[PDB]
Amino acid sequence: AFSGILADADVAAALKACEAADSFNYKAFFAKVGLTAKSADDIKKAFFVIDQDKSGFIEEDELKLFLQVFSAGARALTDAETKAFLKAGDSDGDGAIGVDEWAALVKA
């Protein structure tokens, strides 16, 4: 696509910055790709893309492949990275990230 919510270049840069195992930080990633500066609706659209199986929730397994949703050839997040990511977003402790938790997590 010629134009989209996020610029391919920013996605590439955000991905490059966290290539090393255990170098991922969601705030840094969101900042670099430009998601933090988007509208609540755009943030929600990102939620649907990450929710690969359309269960209406982002499960730990989808966090593991979080980078791939942005860049198909990206690595999988390590268990430490996925667990920290889940802990950060899972306000209600149910083991997954719902739409409002996602919106709250991105802060936009």
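Start at 1 with the first residue shown and count on from there.
Relative to its counterpart among 24-32 and 45-53, 45-53 has the higher mean temperature factor, C-alpha atoms as listed in the PDB entry. Stretches 62-70 and 35-43 differ in mean CA B factor, with 35-43 having the higher one. The deposited CA B-factor of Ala1 belongs to the highest third of values across its chain.
Ranked by C-alpha B-factor against the other modelled residues of its chain, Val99 falls in the lowest third. When the modelled residues of the chain are ordered by their C-alpha B factor, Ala17 lands in the lowest third. When the CA B factors of the chain's modelled residues are split into thirds, the value for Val11 lands in the lowest one.
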